[PDB]
Amino acid sequence: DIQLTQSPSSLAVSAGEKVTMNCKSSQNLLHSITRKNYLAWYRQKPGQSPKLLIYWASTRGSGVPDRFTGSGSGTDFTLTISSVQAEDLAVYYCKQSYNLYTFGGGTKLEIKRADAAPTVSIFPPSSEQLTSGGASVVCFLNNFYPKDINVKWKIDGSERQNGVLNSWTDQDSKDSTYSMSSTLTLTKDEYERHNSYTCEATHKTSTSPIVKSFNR
Amino acid sequence: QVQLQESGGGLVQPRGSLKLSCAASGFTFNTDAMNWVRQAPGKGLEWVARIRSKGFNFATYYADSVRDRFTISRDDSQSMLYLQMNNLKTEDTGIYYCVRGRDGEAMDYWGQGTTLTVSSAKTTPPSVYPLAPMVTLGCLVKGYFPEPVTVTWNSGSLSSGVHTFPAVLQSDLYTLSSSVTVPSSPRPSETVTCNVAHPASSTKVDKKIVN
């Protein structure tokens with residue numbers, strides 16, 4: 001069972017830059033007779049099926065542009081993407097065809113862009129939900145960079161760290177920004193016991209936390 | 001154009017069995033070898049099975065983890081590829097892609113994929129709550145199972161400005177949200193609707209974000 005290992009596990013480069021990720025094989029993939037290295041490279045965009053980029057270690061697939069270059073022989077291979085665009089964000093997998101199939105762990109490619117402050121939006125529970133015996137206060141922290149952000153839920157003044165479900169989106173292929181959703185879910189009754197709710201966000205793009213509140 | 005449509009995914013209980021099917025188009029199915037590759041939730045790809053053409057007497061190959069439990073087959077007459085899964089284990093949860101992959105070359109075309117969930121949990125319809133206050137409206141979709149759900153704004157008319165966050169599995173139930181930033185004018189002036197669909201429970205709800 002030939003196992004391929006890739007590195008780095010992640011990369012972050014700027015538009016226009018050239019990048020190089022690697023793929024190491026536990027067993028030699030170069031077939032002595034045909035002289036071909038049976039190693040391929042594929043990529044998967046967030047929410048899309050994997051696409052073939054290169055086979056036989058360096059032959060591009062039909063339609064794949066010359067910006068993509070595969071290299072190597074034996075057990076050491078490399079993929080070089082030149083002119084990285086905002087559209088190349090995906091995970092890159094190398095796969096071996098020497099004996100059955102085996103993909104590698106993959107390498108994620110993020111795009112380093114300019115810092116971007118989030119746009120906070122707090123939302124009180126809906127009538128429909130309340131009538132259901134529950135209360136979820138949702139907060140949307142959209143379009144920011146970098147991904148590193150801190151979001152606190154404050155009820156009247158005390159910090160609430162239980163009942164919070166957070167979730168980030170993949171980096172946008174459009175503007176290269178992230179977005180996040182934070183949700184506090186208390187009971188319809190506990191919700192009744194408090195007045196002002198706050199979503200507080202701390203991100204390098206500001207000196208003071210960005211606060212968004214609404215009193216019940 | 002080559003077209004690969006996989007259907008049949010779904011919620012199955014452990015030790016159960018399921019059968020995926022694939023419809024191929026835009027190429028001579030009878031000549032090529034076909035594969036099945038799966039992607040486990042929060043994982044990379046894993047080759048599952050392969051069946052060669054009649055020219056090589058339908059030779060089939062299976063991964064170690066799936067051997068003797070799965071059965072890949074094909075019907076060149078209907079351009080259909082199948083994957084009979086038996087003695088399902090929770091490990092088999094993931095997306096299954098139908099993949100054309102000629103002998104000696106590489107994996108050419110992959111389908112969209114079909115989700116398969118192996119668990120003893122029960123199908124639970126989602127509860128869509130409209131989140132009402134450039135204005136950001138939103139939509140909360142919580143308490144469903146299994147994955148996935150389908151959110152859209154105004155049946156598709158609204159694509160830019162939308163942000164659908166990945167579902168989170170809280171207390172055996174998924175919760176997901178979607179937000180849409182539209183100009184201050186088209187709302188409440190123009191109608192913005194949260195279209196949500198949950199295949200597993202044949203659900204479709206259109207919640208108009210009113211305020």
# chains A, B, ... in the order shown; residues from 1 in each chain; ligands from 1
>>> residues_around(residues="residue 37 in chain B", least_positions_apart="6", cutoff="8 Å", atoms="only C-alpha atoms", output="PyMOL selection string")
chain B and resi 45-49+96-99
>>> select_by_dssp(residues="range 47-166 of chain A", states="strand (DSSP E)", output="ChimeraX atom specification")
/A:51-55,59-60,68-73,76-81,91-96,102-103,107-111,119-123,134-144,150-155,158-160,164-166
>>> closest_residue(among="A:160, A:43, A:194, A:152", to="residue 210 in chain A", atoms="only C-alpha atoms")
A:152
>>> interface_residues(of="chain B", to="chain A", cutoff="8 Å", atoms="only C-alpha atoms", output="list in words")
residues 44, 45, 46, 47, 97, 105, 106, 107, 108, 109, 110, 111, 112, 113, 129, 130, 131, 132, 133, 136, 163, 164, 165, 166, 167, 168, 170, 177 and 179 of chain B
>>> write_last_selection(atoms="N, CA and C atoms", output="short mmCIF file (atom, residue, chain, number, x, y, z; two decimals), in the first residue's frame")
data_model
loop_
_atom_site.label_atom_id
_atom_site.label_comp_id
_atom_site.auth_asym_id
_atom_site.auth_seq_id
_atom_site.Cartn_x
_atom_site.Cartn_y
_atom_site.Cartn_z
N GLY B 44 -9.92 13.74 2.93
CA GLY B 44 -9.47 13.82 1.56
C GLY B 44 -10.22 12.77 0.77
N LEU B 45 -9.76 12.50 -0.44
CA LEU B 45 -10.39 11.51 -1.30
C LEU B 45 -9.82 10.11 -1.04
N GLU B 46 -10.61 9.09 -1.33
CA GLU B 46 -10.18 7.72 -1.15
C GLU B 46 -10.78 6.91 -2.30
N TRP B 47 -9.92 6.32 -3.13
CA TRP B 47 -10.40 5.51 -4.25
C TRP B 47 -11.13 4.30 -3.66
N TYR B 97 -18.34 9.82 -5.65
CA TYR B 97 -18.22 10.42 -6.96
C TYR B 97 -18.06 9.31 -7.95
N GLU B 105 -4.08 5.96 -18.17
CA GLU B 105 -4.07 7.42 -18.13
C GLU B 105 -4.36 7.92 -16.70
N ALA B 106 -5.41 8.73 -16.54
CA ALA B 106 -5.78 9.27 -15.24
C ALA B 106 -7.30 9.41 -15.16
N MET B 107 -7.78 9.89 -14.02
CA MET B 107 -9.21 10.07 -13.80
C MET B 107 -9.71 11.36 -14.42
N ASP B 108 -10.31 11.17 -15.58
CA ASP B 108 -10.86 12.20 -16.43
C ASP B 108 -12.00 13.04 -15.87
N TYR B 109 -13.17 12.42 -15.77
CA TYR B 109 -14.36 13.10 -15.31
C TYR B 109 -14.93 12.52 -14.04
N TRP B 110 -15.37 13.41 -13.17
CA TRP B 110 -15.96 13.05 -11.89
C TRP B 110 -17.37 13.61 -11.92
N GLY B 111 -18.30 12.99 -11.22
CA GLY B 111 -19.65 13.52 -11.21
C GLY B 111 -19.75 14.59 -10.14
N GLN B 112 -20.98 14.95 -9.77
CA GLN B 112 -21.24 15.95 -8.71
C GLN B 112 -21.09 15.27 -7.35
N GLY B 113 -21.50 14.01 -7.29
CA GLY B 113 -21.39 13.25 -6.06
C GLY B 113 -22.73 13.05 -5.40
N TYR B 129 -36.19 29.59 10.26
CA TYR B 129 -36.59 30.82 10.94
C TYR B 129 -36.00 32.02 10.21
N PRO B 130 -36.85 32.95 9.77
CA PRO B 130 -36.36 34.13 9.07
C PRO B 130 -35.74 35.14 10.03
N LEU B 131 -34.50 35.53 9.75
CA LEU B 131 -33.81 36.49 10.59
C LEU B 131 -33.90 37.85 9.93
N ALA B 132 -34.75 38.69 10.51
CA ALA B 132 -34.99 40.04 10.01
C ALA B 132 -34.42 41.09 10.97
N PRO B 133 -33.91 42.20 10.42
CA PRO B 133 -33.34 43.27 11.25
C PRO B 133 -34.39 43.80 12.22
N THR B 136 -28.37 43.42 5.72
CA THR B 136 -28.14 41.99 5.79
C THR B 136 -29.33 41.28 6.39
N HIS B 163 -24.17 34.15 1.68
CA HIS B 163 -23.12 33.44 2.40
C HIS B 163 -23.80 32.30 3.13
N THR B 164 -23.61 31.07 2.68
CA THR B 164 -24.20 29.93 3.37
C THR B 164 -23.07 29.27 4.14
N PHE B 165 -23.18 29.27 5.46
CA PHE B 165 -22.14 28.71 6.30
C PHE B 165 -22.33 27.21 6.44
N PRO B 166 -21.22 26.46 6.55
CA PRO B 166 -21.30 25.01 6.71
C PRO B 166 -22.08 24.64 7.97
N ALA B 167 -22.86 23.58 7.88
CA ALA B 167 -23.65 23.13 9.01
C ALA B 167 -22.77 22.62 10.14
N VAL B 168 -23.25 22.75 11.37
CA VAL B 168 -22.54 22.29 12.55
C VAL B 168 -23.44 21.25 13.19
N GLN B 170 -24.75 19.91 16.21
CA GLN B 170 -24.96 20.15 17.63
C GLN B 170 -26.02 19.23 18.21
N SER B 177 -26.95 28.34 8.61
CA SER B 177 -27.49 29.67 8.40
C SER B 177 -27.02 30.18 7.07
N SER B 179 -26.89 34.14 4.88
CA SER B 179 -27.12 35.58 4.96
C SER B 179 -27.05 36.18 3.57
#
>>> atom_distance(atom1="CA of residue 130 in chain A", atom2="CA of residue 141 in chain B")
14.5 Å
>>> closest_residue(among="A:109, A:37, A:73, A:59", to="residue 21 in chain A", atoms="only C-alpha atoms")
A:109
>>> decode(residues="range 98-132 of chain B", atoms="N, CA and C atoms", output="PDB file, in the first residue's frame")
ATOM      1  N   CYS B  98     -18.723   9.467  -9.082  1.00  0.00           N
ATOM      2  CA  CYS B  98     -18.664   8.522 -10.195  1.00  0.00           C
ATOM      3  C   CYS B  98     -17.514   9.084 -11.048  1.00  0.00           C
ATOM      4  N   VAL B  99     -16.505   8.274 -11.332  1.00  0.00           N
ATOM      5  CA  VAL B  99     -15.354   8.788 -12.073  1.00  0.00           C
ATOM      6  C   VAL B  99     -14.881   7.967 -13.266  1.00  0.00           C
ATOM      7  N   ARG B 100     -14.826   8.601 -14.430  1.00  0.00           N
ATOM      8  CA  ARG B 100     -14.348   7.948 -15.644  1.00  0.00           C
ATOM      9  C   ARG B 100     -12.835   7.954 -15.532  1.00  0.00           C
ATOM     10  N   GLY B 101     -12.201   6.824 -15.800  1.00  0.00           N
ATOM     11  CA  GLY B 101     -10.752   6.777 -15.697  1.00  0.00           C
ATOM     12  C   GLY B 101     -10.175   5.686 -16.564  1.00  0.00           C
ATOM     13  N   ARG B 102      -9.826   6.037 -17.801  1.00  0.00           N
ATOM     14  CA  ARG B 102      -9.271   5.083 -18.763  1.00  0.00           C
ATOM     15  C   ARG B 102      -7.974   4.428 -18.302  1.00  0.00           C
ATOM     16  N   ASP B 103      -7.821   3.149 -18.630  1.00  0.00           N
ATOM     17  CA  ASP B 103      -6.636   2.376 -18.265  1.00  0.00           C
ATOM     18  C   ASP B 103      -5.320   2.991 -18.756  1.00  0.00           C
ATOM     19  N   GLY B 104      -4.390   3.203 -17.830  1.00  0.00           N
ATOM     20  CA  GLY B 104      -3.091   3.752 -18.182  1.00  0.00           C
ATOM     21  C   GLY B 104      -2.955   5.259 -18.118  1.00  0.00           C
ATOM     22  N   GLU B 105      -4.079   5.964 -18.168  1.00  0.00           N
ATOM     23  CA  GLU B 105      -4.074   7.422 -18.131  1.00  0.00           C
ATOM     24  C   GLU B 105      -4.358   7.923 -16.704  1.00  0.00           C
ATOM     25  N   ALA B 106      -5.408   8.726 -16.541  1.00  0.00           N
ATOM     26  CA  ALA B 106      -5.777   9.268 -15.241  1.00  0.00           C
ATOM     27  C   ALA B 106      -7.296   9.414 -15.163  1.00  0.00           C
ATOM     28  N   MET B 107      -7.781   9.894 -14.022  1.00  0.00           N
ATOM     29  CA  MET B 107      -9.210  10.071 -13.800  1.00  0.00           C
ATOM     30  C   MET B 107      -9.705  11.361 -14.415  1.00  0.00           C
ATOM     31  N   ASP B 108     -10.307  11.171 -15.578  1.00  0.00           N
ATOM     32  CA  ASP B 108     -10.860  12.204 -16.435  1.00  0.00           C
ATOM     33  C   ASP B 108     -12.002  13.040 -15.873  1.00  0.00           C
ATOM     34  N   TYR B 109     -13.171  12.420 -15.775  1.00  0.00           N
ATOM     35  CA  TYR B 109     -14.362  13.102 -15.306  1.00  0.00           C
ATOM     36  C   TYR B 109     -14.930  12.522 -14.038  1.00  0.00           C
ATOM     37  N   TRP B 110     -15.372  13.414 -13.166  1.00  0.00           N
ATOM     38  CA  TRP B 110     -15.961  13.050 -11.893  1.00  0.00           C
ATOM     39  C   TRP B 110     -17.371  13.615 -11.923  1.00  0.00           C
ATOM     40  N   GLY B 111     -18.301  12.990 -11.218  1.00  0.00           N
ATOM     41  CA  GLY B 111     -19.649  13.525 -11.209  1.00  0.00           C
ATOM     42  C   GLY B 111     -19.747  14.594 -10.145  1.00  0.00           C
ATOM     43  N   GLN B 112     -20.976  14.954  -9.767  1.00  0.00           N
ATOM     44  CA  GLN B 112     -21.242  15.950  -8.715  1.00  0.00           C
ATOM     45  C   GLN B 112     -21.089  15.266  -7.352  1.00  0.00           C
ATOM     46  N   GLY B 113     -21.500  14.005  -7.291  1.00  0.00           N
ATOM     47  CA  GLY B 113     -21.387  13.245  -6.061  1.00  0.00           C
ATOM     48  C   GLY B 113     -22.732  13.054  -5.401  1.00  0.00           C
ATOM     49  N   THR B 114     -22.837  12.032  -4.559  1.00  0.00           N
ATOM     50  CA  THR B 114     -24.074  11.757  -3.838  1.00  0.00           C
ATOM     51  C   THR B 114     -23.692  11.485  -2.380  1.00  0.00           C
ATOM     52  N   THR B 115     -24.376  12.141  -1.443  1.00  0.00           N
ATOM     53  CA  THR B 115     -24.062  11.962  -0.023  1.00  0.00           C
ATOM     54  C   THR B 115     -24.651  10.679   0.523  1.00  0.00           C
ATOM     55  N   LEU B 116     -23.899  10.033   1.398  1.00  0.00           N
ATOM     56  CA  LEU B 116     -24.333   8.801   2.017  1.00  0.00           C
ATOM     57  C   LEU B 116     -23.995   8.913   3.499  1.00  0.00           C
ATOM     58  N   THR B 117     -25.002   8.696   4.344  1.00  0.00           N
ATOM     59  CA  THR B 117     -24.837   8.771   5.783  1.00  0.00           C
ATOM     60  C   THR B 117     -25.209   7.444   6.408  1.00  0.00           C
ATOM     61  N   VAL B 118     -24.314   6.929   7.242  1.00  0.00           N
ATOM     62  CA  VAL B 118     -24.542   5.660   7.923  1.00  0.00           C
ATOM     63  C   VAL B 118     -24.645   5.965   9.408  1.00  0.00           C
ATOM     64  N   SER B 119     -25.861   5.873   9.952  1.00  0.00           N
ATOM     65  CA  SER B 119     -26.123   6.135  11.370  1.00  0.00           C
ATOM     66  C   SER B 119     -27.494   5.611  11.744  1.00  0.00           C
ATOM     67  N   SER B 120     -27.685   5.347  13.029  1.00  0.00           N
ATOM     68  CA  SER B 120     -28.964   4.848  13.509  1.00  0.00           C
ATOM     69  C   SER B 120     -29.906   5.988  13.926  1.00  0.00           C
ATOM     70  N   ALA B 121     -29.487   7.230  13.674  1.00  0.00           N
ATOM     71  CA  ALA B 121     -30.309   8.390  13.991  1.00  0.00           C
ATOM     72  C   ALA B 121     -31.523   8.422  13.049  1.00  0.00           C
ATOM     73  N   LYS B 122     -32.434   9.353  13.293  1.00  0.00           N
ATOM     74  CA  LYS B 122     -33.660   9.465  12.516  1.00  0.00           C
ATOM     75  C   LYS B 122     -33.769  10.757  11.719  1.00  0.00           C
ATOM     76  N   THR B 123     -34.427  10.669  10.568  1.00  0.00           N
ATOM     77  CA  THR B 123     -34.635  11.827   9.713  1.00  0.00           C
ATOM     78  C   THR B 123     -35.483  12.855  10.447  1.00  0.00           C
ATOM     79  N   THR B 124     -34.946  14.058  10.572  1.00  0.00           N
ATOM     80  CA  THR B 124     -35.641  15.132  11.240  1.00  0.00           C
ATOM     81  C   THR B 124     -35.687  16.337  10.322  1.00  0.00           C
ATOM     82  N   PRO B 125     -36.894  16.833  10.035  1.00  0.00           N
ATOM     83  CA  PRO B 125     -37.097  17.992   9.162  1.00  0.00           C
ATOM     84  C   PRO B 125     -36.442  19.233   9.749  1.00  0.00           C
ATOM     85  N   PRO B 126     -35.975  20.151   8.892  1.00  0.00           N
ATOM     86  CA  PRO B 126     -35.343  21.364   9.406  1.00  0.00           C
ATOM     87  C   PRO B 126     -36.418  22.403   9.746  1.00  0.00           C
ATOM     88  N   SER B 127     -36.078  23.325  10.639  1.00  0.00           N
ATOM     89  CA  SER B 127     -36.999  24.376  11.023  1.00  0.00           C
ATOM     90  C   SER B 127     -36.374  25.679  10.565  1.00  0.00           C
ATOM     91  N   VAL B 128     -36.992  26.300   9.568  1.00  0.00           N
ATOM     92  CA  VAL B 128     -36.478  27.542   9.009  1.00  0.00           C
ATOM     93  C   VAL B 128     -37.070  28.775   9.683  1.00  0.00           C
ATOM     94  N   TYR B 129     -36.194  29.594  10.257  1.00  0.00           N
ATOM     95  CA  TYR B 129     -36.590  30.820  10.942  1.00  0.00           C
ATOM     96  C   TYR B 129     -35.999  32.016  10.215  1.00  0.00           C
ATOM     97  N   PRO B 130     -36.847  32.948   9.771  1.00  0.00           N
ATOM     98  CA  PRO B 130     -36.359  34.133   9.065  1.00  0.00           C
ATOM     99  C   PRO B 130     -35.735  35.143  10.034  1.00  0.00           C
ATOM    100  N   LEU B 131     -34.501  35.531   9.754  1.00  0.00           N
ATOM    101  CA  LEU B 131     -33.805  36.489  10.587  1.00  0.00           C
ATOM    102  C   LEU B 131     -33.903  37.849   9.932  1.00  0.00           C
ATOM    103  N   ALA B 132     -34.750  38.693  10.509  1.00  0.00           N
ATOM    104  CA  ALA B 132     -34.993  40.043  10.014  1.00  0.00           C
ATOM    105  C   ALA B 132     -34.424  41.088  10.966  1.00  0.00           C
TER     106      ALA B 132
END
